[PDB]
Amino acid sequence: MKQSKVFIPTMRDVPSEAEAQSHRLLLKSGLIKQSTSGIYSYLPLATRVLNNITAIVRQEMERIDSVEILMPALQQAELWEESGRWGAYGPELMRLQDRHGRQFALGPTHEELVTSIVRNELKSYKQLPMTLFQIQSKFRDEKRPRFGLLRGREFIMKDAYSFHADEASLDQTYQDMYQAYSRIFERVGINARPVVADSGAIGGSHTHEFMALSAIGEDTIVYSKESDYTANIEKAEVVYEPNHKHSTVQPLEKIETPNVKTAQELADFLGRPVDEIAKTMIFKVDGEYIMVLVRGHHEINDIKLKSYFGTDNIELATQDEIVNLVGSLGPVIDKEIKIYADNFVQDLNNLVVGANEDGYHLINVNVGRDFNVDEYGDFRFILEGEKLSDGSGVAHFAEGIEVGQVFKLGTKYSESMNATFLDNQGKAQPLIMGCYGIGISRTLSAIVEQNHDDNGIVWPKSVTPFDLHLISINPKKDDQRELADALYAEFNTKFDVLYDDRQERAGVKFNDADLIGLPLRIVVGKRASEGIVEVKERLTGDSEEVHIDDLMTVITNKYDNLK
């Protein structure tokens, strides 16, 4: 393609609101444009990268017999009522009415739709297993869209769904997908790690998330150096082995603590280490108010609380709800309320806690005497340095972007939506399901996060929108224009060449080229009359003069040796 005919609105200045490097670079390089919060257009270069990603995805899906389909975005509410998700979900599910008042969801994911396709069609065990996938734009009215394509409201997902006669068959396809996902991410230029993910509040099914390792990552991976242990910090269990720090029991005492809000401020005020303070938070669990206690150097993990209580309906009590129930909160109160404490609170006595009265705290508070703990448990995040759940060694942290997930779904949808098959013994059984997804537009951004420098994007060979950037320094000069025209015709059969044929200053062409980030650059300039050009590598910045008779061999060898 001649660059004069390709829309590439490169920017001089990136706005302050853009925080993530991938977001900043996709804007600056003229690859995406925001329509509104969380909603983007993919401009020509991004679209080519998306096409390269989806071609790799299609190869890897076909390799494991995952068969492509395309399902609708517009989905009748009645389908979502069958599963119960219509009623279970709130504003994140986008909803609308047609001209006859009939209600619809815009698909955030397709468990019901795909179940509706296969039910009473996958009728026998002889037809199983079956795996279907699509590459299709999903809709989620995210509370906080952010970081460009990393969290949109309209976004591209590759979602797959598999159907099975038994658990062993599901296990096989889950492994196939796991392996296919590893291949997909490596091929597109992402360094990713599969990590054990949380199975949800109620379920205990096997699930792994694929995490693109990057500093912008909002997930923390807990990993071992001694074993293959890798878990989301939300899931990673903390094993408690007693190590008491108890002193002589003292009488309870309310103390004045003016302008003291936080646990660390209280620690500083009393001249004590923060770990000896116990923090108290009020949660609302299935309508009932509870208290959760953790030490001052720890933080409450809501995902563990949800899994512990076995419900997703857990949230912090609001300002008004706290006042109606009881400044800094504490466990000593004359009221029927269940108090839960993290296991590591047992290492202390003479607790420092809130007084349920602004400007005050309690010291020398003791369990049994002053208040009772109903149950102890693992209600916190692991810290870096602590011993892992498998006993292999010490916990280390790495930050990650969730680029995909694999999930053993089971019979949830097939039971609720009556999707059955006749087994070996002729009896009706619900289809056993797996579901799997890659965030395609998120993955595009993750590629940029891991493949860029201070001057722009550095696209991997596998996904670069064009292979070669052919640039004329001054096309007013006949020798330069004509040589570049000839080289375009020569190289645009074997390679995809972006030919910067524009009547633009050399400096802007090179700045644009740095942003755009194609792996190899052929510069036609002052030595065109001699049949000499310059070849420049985007990754290293290495430049060399090359004569046109050698150029095909030099470019091909350089291209083949790219990662």
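From 1 onward, residues are counted along the sequence shown.
Going from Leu409 to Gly410, the model skips none of the deposited residues; the chain is continuous there. When the C-alpha B-factors of 379-387 and 440-448 are averaged, 379-387 comes out higher.
Taking the PDB entry as given, 283-291 carries the higher mean Cα B factor of the two stretches 283-291 and 186-194. Across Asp334, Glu78, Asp176, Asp454, the entry's maximum B-factor at the CA atom is seen for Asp334. Per the deposited coordinates, the residue with the largest Cα temperature factor out of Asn243, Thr207, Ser462, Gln136 is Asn243. Among the modelled residues of the chain, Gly359 sits in the highest third by CA temperature factor in this PDB entry. Split the chain's modelled residues into thirds by C-alpha temperature factor. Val14 is in the highest one. Ranked against the other modelled residues of its chain, the C-alpha B-factor of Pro475 as given in the entry falls in the middle third. The entry lists a Cα temperature factor for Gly517 that places it in the lowest third of the chain's modelled residues. Compared with the other modelled residues of the chain, the Cα B-factor recorded for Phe466 ranks in the lowest third.
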